[PDB]
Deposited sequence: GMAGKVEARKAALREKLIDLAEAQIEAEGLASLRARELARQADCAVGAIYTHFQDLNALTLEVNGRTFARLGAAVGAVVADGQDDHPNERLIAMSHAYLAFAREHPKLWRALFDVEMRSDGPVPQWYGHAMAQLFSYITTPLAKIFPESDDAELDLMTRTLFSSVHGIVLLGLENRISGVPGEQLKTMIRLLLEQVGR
């Protein structure tokens, strides 16, 4: 059970990496794990729940990637690591945004904490840039700038006709963030 639970998370991560989030099937994972398909449902409520565990690991990788007198430079460096991550782990990266997870519904504490912890890396330099801003103001700015970088990265990496060209993604993130708070 302890071994099986871990083995299923390992295999789920492997599948997402190979063929994407949409390719994950209970029959196939059970076959790879050498268990009954119902053994998957003994450890996770559904495939979405198993995907959240994979996303837990993806957050950990992102947190390692992200990690003081130049706060705009810190924001840029972190954004460049986000871009590099998205490029390096495209399918795991897309699973973070494609899994069923909403601010409306129940967010599990471990999951909500991991995401809150990533956001604190962005809020630190923003507090230096905006010394007069309160926590609500800082939280809103963190969400705005993160959402902005994600948009640049999403449209650019998808090669959409509206996005910034691939070769200019790093440069354009810099140019956007340099302007933040003068």
| item | value |
| --- | --- |
| Deposited-sequence ranges lacking C-alpha coordinates, in sequence order | 1 to 9, 77 to 83 |
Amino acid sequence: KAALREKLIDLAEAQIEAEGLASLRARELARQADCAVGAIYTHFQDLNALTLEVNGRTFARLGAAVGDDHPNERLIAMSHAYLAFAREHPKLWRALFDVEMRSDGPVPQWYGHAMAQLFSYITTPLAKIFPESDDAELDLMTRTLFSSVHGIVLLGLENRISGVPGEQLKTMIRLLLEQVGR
From here on, numbers count along this sequence of modelled residues.
property: Stretch with the higher entry mean CA B-factor, where the candidates are 145 to 153 and 45 to 53; result: 45 to 53
property: Higher-scoring stretch by recorded Cα B factor average, 77 to 85 or 94 to 102; result: 94 to 102
property: Record-listed C-alpha B factor of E17: chain third; result: middle
property: Ranked C-alpha temperature factor of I173 among modelled chain residues, by third; result: middle
property: Third assignment of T124 from its chain's C-alpha B-factors; result: middle
property: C35 CA temperature factor, ranked by third within the chain; result: middle
property: Lowest, middle or highest third - CA B-factor, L29; result: lowest
